[PDB]
Every structure is written in structure tokens, then in C-alpha cells.
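Worksheet: the structure to be examined is printed underneath.
The basis for the numbers below is simple: all heavy atoms, side chains too, and nothing from hydrogens, waters or symmetry mates. Nothing fancy with the numbering, it's 1 onward along the sequence.
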Amino acid sequence: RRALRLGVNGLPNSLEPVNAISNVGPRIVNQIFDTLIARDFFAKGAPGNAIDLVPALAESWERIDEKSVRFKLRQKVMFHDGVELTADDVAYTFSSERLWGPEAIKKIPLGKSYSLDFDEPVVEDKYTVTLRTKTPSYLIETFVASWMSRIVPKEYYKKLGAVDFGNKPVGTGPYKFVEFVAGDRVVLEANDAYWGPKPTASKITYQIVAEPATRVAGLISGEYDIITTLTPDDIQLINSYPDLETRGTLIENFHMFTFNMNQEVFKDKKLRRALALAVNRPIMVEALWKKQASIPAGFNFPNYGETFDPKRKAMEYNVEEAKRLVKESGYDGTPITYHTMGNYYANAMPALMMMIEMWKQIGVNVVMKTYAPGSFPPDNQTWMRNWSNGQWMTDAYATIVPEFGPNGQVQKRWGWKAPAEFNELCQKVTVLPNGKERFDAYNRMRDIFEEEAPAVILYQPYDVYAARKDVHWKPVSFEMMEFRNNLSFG
Ligand SMILES: CC(C)[C@H](O)[C@@H](O)C(=O)NP(=O)(O)O[C@@H]1C[C@H](O)[C@H](n2cnc3c(NP(=O)(O)O[C@@H]4[C@@H](O)[C@H](O)[C@@H](CO)O[C@H]4O)ncnc32)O1
């Protein structure tokens with residue numbers, strides 16, 4: 001076969017599937033690992049956005065009650081080291097020890113905050129395991145199809161520890177691990193024992209090319225087969241080449257900017273709300289995205305299904321109100337830093353430049369502070385910063401509760417003093433079934449989020465890739481790359 005060469009925007013700090021949840025991690029861990037349930041993005045001729053759930057490591061599954069789903073596992077599946085996958089590896093994957101228990105915080109910092117209210121799994125036999133929650137939860141199924149639920153080998157994982165495992169991953173996926181050089185590359189090779197639609201590449205290299213211009217020059221050279229994290233501003237040049245083309249889709253993710261609310265200037269919602277009210281998203285969508293970005297009506301997305309509100313109003317744009325709020329705040333005109341890891345997010349630096357001018361017009365002075373990967377300063381040294389959230393469930397629970405809820409990093413690490421009402425509705429939605437009460441609680445949470453402005457939603461980016469026309473691969477509507485039945489050459 002042919003070795004696949006990818007020019008990427010970045011690499012994760014770990015290949016441990018939960019510690020790799022990011023914009024740059026899933027495109028690699030999707031190859032090394034498998035989930036029990038998988039999403040079939042290409043079902044019924046869909047352009048990589050189908051929401052269909054198909055069996056993967058679990059040949060079948062059945063909800064027993066409001067707290068548990070029994071999985072019947074595929075037999076003779078092998079981990080990359082020849083160890084057979086059993087219900088024991090599945091129990092360990094979702095165990096208190098490895099993922100949601102108090103001890104797990106040390107190994108997987110965000111594991112507990114991103115997990116459901118789990119109870120210990122029950123192994124029925126070598127190929128049957130029941131995944132359980134201590135309280136009623138109809139979210140088990142979407143969680144098991146997610147980036148939180150890639151299956152790890154119990155013995156090898158325990159032998160190495162979560163940290164050492166992140167540097168030498170072992171999974172059941174189509175590509176086995178070969179090498180990980182931090183700040184340089186990840187090399188994978190075909191797992192010809194995949195259970196499993198056969199890998200079509202002999203090797204895959206994820207090479208960091210932090211500058212998008214060097215990434216485009218690389219594809220034209222051509223040092224790469226496919227490049228990631230481009231901007232619609234690159235579309236005309238790449239598409240003029242006869243052997244090159246762009247492939248892009250709107251993904252189930254939103255770009256945003258957030259604050260360190262532990263800082264004096266961001267303790268009260270007034271200056272956060274003023275900055276949010278001056279963000280002119282429609283011009284940013286023209287200037288930078290060429291109409292290829294979607295401004296959502298709040299923390300509300302179609303993939304939420306029954307908890308998506310299609311009648312919700314757009315987020316407010318009000319420069320006069322923003323001006324008044326800056327005057328009403330204790331802000332004195334002192335510069336505020338906004339940290340960004342270059343263009344890790346597409347259009348991050350041109351978006352900040354545009355917003356800096358919008359903010360200067362309402363009386364706020366924002367300065368760009370750029371930083372290299374691995375050099376993010378202590379929390380204490382940061383004020384504003386960009387971020388993104390992948391909506392990883394077919395429900396509104398993610399990501400408002402895992403990220404912005406009472407037990408999340410935005411309140412616990414970044415200092416958001418959320419109102420009591422916001423945290424009460426977070427608990428209610430987690431345990432209430434779908435209905436009038438749960439739909440309304442999410443809307444009231446969305447209304448609270450906009451007034452509080454702990455983060456400011458910008459848009460759903462159109463994820464732009466560029467590839468050699470002789471590399472047949474289609475983007476999916478998520479921050480990952482899929483090669484199963486979606487990769488061929490010539
Ligand atoms: C281990 C330490 C001892 C060590 O020194 C070092 O590793 C360190 O500094 N660690 P620290 O904790 O300070 O991590 C730093 C702190 C800072 O906030 C930054 N950051 C966090 N999420 C990031 C991200 N998310 P993303 O947008 O690509 O991916 C998101 C993901 O964050 C999110 O959880 C998920 C679901 O909403 O959506 C993805 O889209 N993209 C780029 N930067 C990110 O990394």
C-alpha cells in the first residue's frame with residue numbers, strides 16, 4: 001500500500017484517548033482505537049454528517065432499565081499486541097479506577113467532569129458487560145458512541161499507567177502505533193489483524209506544520225497528501241491546481257473566546273457581557289469565512305435533537321449597550337491580554353485582530369499575546385483566551401454541563417461564579433427525561449449563559465482540508481478524520 005502523509009495544525013500531549021480529546025487528537029486516536037457503538041457518517045448517501053449509530057466492538061446492545069445498557073461484544077477482536085478484547089477491558093475503560101472515580105483525576109484530569117454519574121460496570125461473561133449509572137440516565141448510548149468511550153486494554157494500560165500509556169498506545173483500531181515525537185509527528189502503521197474494514201494505507205504520519213502558509217506550500221510541493229485547518233481564503237488558490245482540491249464541511253463544534261474569571265476585571269459579568277455585545281459576528285463570517293461559518297442562536301445546535309431549540313433568537317449584537325456596560329464597569333482603560341496558540345484554530349489571529357478593533361471602539365483595549373504549544377503560561381498570567389467545544393452527544397447535555405456546569409473546569413479552575421439557578425438547572429437536566437421541563441431548563445440555561453458571558457460563542461467553523469485529488473477521502477461533520485471505508489489511492 002501507499003504511506004499517507006498529513007500536514008496538521010497540531011498534536012495532542014497524549015494518545016490516551018480521553019486525554020487526547022481536542023481538535024488535533026481524535027484524528028489520530030480514531031485510528032488506534034474503536035468504540036462499542038460507532039457513528040456512520042456516510043449512511044444513506046450522506047456527505048459525512050449522518051447521525052446513524054451502528055454496532056462496532058459491541059455486536060448488539062439493549063437498555064435493561066433507566067440506569068443500564070447491556071452490551072454483547074464481538075468475539076476474537078485483538079488489541080495491537082495480540083491480547084484478545086474481553087468484557088474486562090470494557091469494564092476497566094468505564095471503571096471508577098481508570099475514568100470517573102476520585103482516584104482517576106490524577107491520570108485523566110477531565111474524566112470525572114466529562115463522565116455521566118457512573119456506577120461500576122458489571123461483567124456478565126467474557127463477551128457481555130453492562131454499563132451503569134448510579135442515577136437515571138438516558139445518555140449512556142450517546143456517551144458510548146463518543147470520544148470519551150474508546151476501549152483501552154486493561155492489563156497493558158495498568159502495567160504502563162495512564163501517563164506512559166499516552167506515549168505508547170495500544171488499541172483494537174485499524175492503525176497501530178509506531179512513534180510519537182512531541183512537537184513533530186505521530187507515525188501509525190496498518191493493523192492487518194483489524195476486525196474490521198481493512199486499512200488502505202501502509203503508514204500514516206501526522207506532521208505538524210503550525211503555519212497554514214507552510215502547510216499550503218507543502219501540499220503544492222508536494223510533501224503532503226492531505227492538509228488540515230485551512231481557511232476559506234485558501235480555497236481559490238488550491239482549487240486552481242489540477243491535481244489538488246479543497247474538501248470542507250461545517251463541523252459539530254463552535255469556536256469561542258473565554259476568560260480567567262479569577263482575575264479582578266472578569267469577576268463580575270459586566271465587562272465580559274460588554275465584550276460579547278460588541279462582537280460583530282456577521283462581518284467576521286464575511287471577512288474571514290466567506291459565508292462558510294454558521295452563527296448559532298446561543299449554546300444550541302441541531303445535533304442536540306429533541307433538546308435543540310429551532311425557534312431561538314440570534315445572540316444579541318448591541319454596541320450602544322456594550323459602551324454603557326464598559327462605563328458602568330470598574331475597567332479603567334488598562335490593556336487586557338488575549339492568549340492564542342497562533343492559528344491552532346482556523347482564523348484565530350485574523351478573528352482576534354477584527355475583535356480588537358471592535359473592542360477599541362467601545363473603550364476596551366485588548367492585546368494579542370501569542371504562545372507556542374506547551375508554553376501556555378500559568379492561569380494567573382492569562383485574562384482572555386480562545387477555545388472551542390465539540391458537541392459530542394445527540395443531546396444538549398454536552399458541552400454546557402461537562403464544561404460550564406458546577407463540577408466543570410470553567411467554574412472550578414477558571415473561576416466563573418455561576419448563579420445558583422444555573423447550577424440547579426444543570427442537575428435537573430442530567431436526571432430529568434426529555435419533556436417540557438427539561439427543554440425549558442436548557443433554554444433558561446442558555447439565557448443565563450448569554451447574560452453571564454463566561455465564554456462568548458463565535459461560530460461553527462467550516463473545517464477546510466486540502467488534498468491530492470488522487471487521495472480519495474471525505475471529511476466528516478466532527479473534529480476527527482475517518483478512514484474506515486473512506487480512503488483509497490489512484
Ligand atoms: C499537563 C501539564 C503538567 C503541562 O504543563 C501542559 O500539558 C499544560 O499546560 N496543561 P494545561 O491543563 O494547563 O492545559 C493548557 C490550558 C489551556 O486552557 C490550554 N487548552 C485547553 N484546551 C485546549 C484546547 N482545546 P480544543 O478546542 O482543541 O479541544 C476541545 C476540548 O478542550 C473540549 O474539552 C472538547 C469538548 O468541549 O472540545 C474540543 O473541541 N486547544 C488548545 N489549548 C487548550 O492547554
Side-chain angles (χ1 to χ4, degrees), residues 12-26 28-30 32-37 57 67-69 71 88-122 129-135 137 139-171 376 379 387-393 395 397-414 426-427 430-431 478-480:
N13 319 324
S14 173
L15 298 182
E16 198 286 336
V18 177
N19 282 336
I21 287 160
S22 62
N23 287 187
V24 297
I28 312 177
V29 302
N30 191 39
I32 303 168
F33 300 99
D34 291 291
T35 51
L36 299 164
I37 312 172
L57 289 179
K67 289 170 134 68
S68 53
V69 180
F71 294 92
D88 194 24
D89 306 291
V90 186
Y92 184 75
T93 305
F94 302 82
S95 66
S96 171
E97 176 186 351
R98 176 265 176 181
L99 183 59
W100 50 272
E103 66 262 66
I105 308 299
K106 185 150 182 148
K107 315 155 98 190
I108 307 176
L110 299 154
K112 184 184 197 77
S113 57
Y114 294 175
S115 287
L116 300 178
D117 185 25
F118 288 125
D119 199 348
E120 270 285 328
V122 189
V129 51
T130 295
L131 277 57
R132 312 188 296 176
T133 58
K134 298 182 184 198
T135 49
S137 165
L139 296 178
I140 299 169
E141 294 93 335
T142 191
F143 186 102
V144 159
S146 87
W147 51 10
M148 284 298 294
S149 305
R150 287 171 162 123
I151 311 299
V152 295
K154 178 194 187 166
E155 303 299 309
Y156 183 80
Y157 191 112
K158 286 181 79 157
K159 167 197 158 215
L160 267 72
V163 173
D164 284 347
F165 180 88
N167 300 321
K168 183 65 196 57
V170 160
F376 180 80
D379 294 10
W387 195 29
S388 82
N389 272 192
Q391 306 303 285
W392 53 273
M393 284 194 175
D395 187 271
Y397 178 83
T399 55
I400 210 189
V401 182
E403 311 283 12
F404 297 82
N407 315 307
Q409 76 181 322
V410 167
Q411 295 190 44
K412 298 180 75 188
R413 174 183 178 170
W414 297 108
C426 282
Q427 289 291 119
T430 304
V431 92
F478 203 74
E479 69 204 71
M480 71 169 224

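- Judged purely by distance below 3.5 Å, without hydrogens or angles, the side chains of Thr135 and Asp117 pair a donor atom with an acceptor atom.
- Looking only at side-chain heavy atoms (C-beta outward), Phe404 and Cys426 stay at 4.5 Å or farther from each other.
- Scanning both residues, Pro169 and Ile32, for their nearest heavy atoms gives CG-CD1, 3.7 Å.
- With hydrogens and angles ignored, the 3.5 Å screen pairs a side-chain donor or acceptor of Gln411 with a backbone N or O of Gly405.
- In this structure, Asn19 contributes its side chain and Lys107 its backbone to a donor-acceptor pair below 3.5 Å.
- Using a 4.5 Å heavy-atom threshold, the side chains of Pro153 and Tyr92 count as separate.
- Of the candidates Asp34, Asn30, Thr35, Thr93, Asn30 is the only one forming a side-chain hydrogen bond (donor to acceptor under 3.5 Å, both in side chains) with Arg150.
- Relative ring orientation between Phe165 and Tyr157 is described as tilted, the plane-to-plane angle lying within the 30° to 60° band.
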**Request:** Go through the steps for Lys67 and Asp119 under the test salt bridge (charged side-chain N to carboxylate O under 4.0 Å, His left out), then give the verdict.
**Result:** CA-CA 9 Å; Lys67 289 170 134 68; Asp119 199 348; over 6 Å; no

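- Checked for salt-bridge contact, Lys154 and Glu97 miss the test: no charged N lies under 4.0 Å from a carboxylate O.
- Residues forming a salt bridge (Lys or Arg N to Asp or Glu O under 4.0 Å) with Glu403 (at least two apart in sequence, or on another chain): none.
- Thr399 and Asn389 form a side-chain donor-acceptor contact under 3.5 Å, judged by distance and modelled atom types alone.
- Closest approach of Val29 and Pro17 over heavy atoms only: CG1-CA, 4.2 Å.
- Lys412 NZ: 12 or fewer foreign heavy atoms inside a 6.0 Å radius.
- The side-chain heavy atoms of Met148 and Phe94, taken from C-beta on, include no pair separated by under 4.5 Å.
- Using a 4.5 Å cut-off on side-chain heavy atoms (C-beta onward), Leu139 and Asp395 make contact.
- Of all the heavy atoms in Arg132 and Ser68, the pair that sits closest is CG-CB, 3.9 Å.
- Between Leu131 and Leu36 there is a side-chain heavy-atom pair separated by less than 4.5 Å.
- At least one side-chain heavy atom of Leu116 sits less than 4.5 Å from a side-chain heavy atom of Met393.
- Here the side chains of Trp147 and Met480 are not in contact, with every heavy-atom distance at 4.5 Å or above.
- The six-membered or imidazole ring of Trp392 lies near that of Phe143, with a centre-to-centre distance under 6.0 Å.
- Between the side chain of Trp100 and the backbone N or O of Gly111 there is no donor-acceptor pair closer than 3.5 Å.
- For the pair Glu16/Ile108, a side-chain contact is recorded, criterion being any heavy-atom separation below 4.5 Å from C-beta on.
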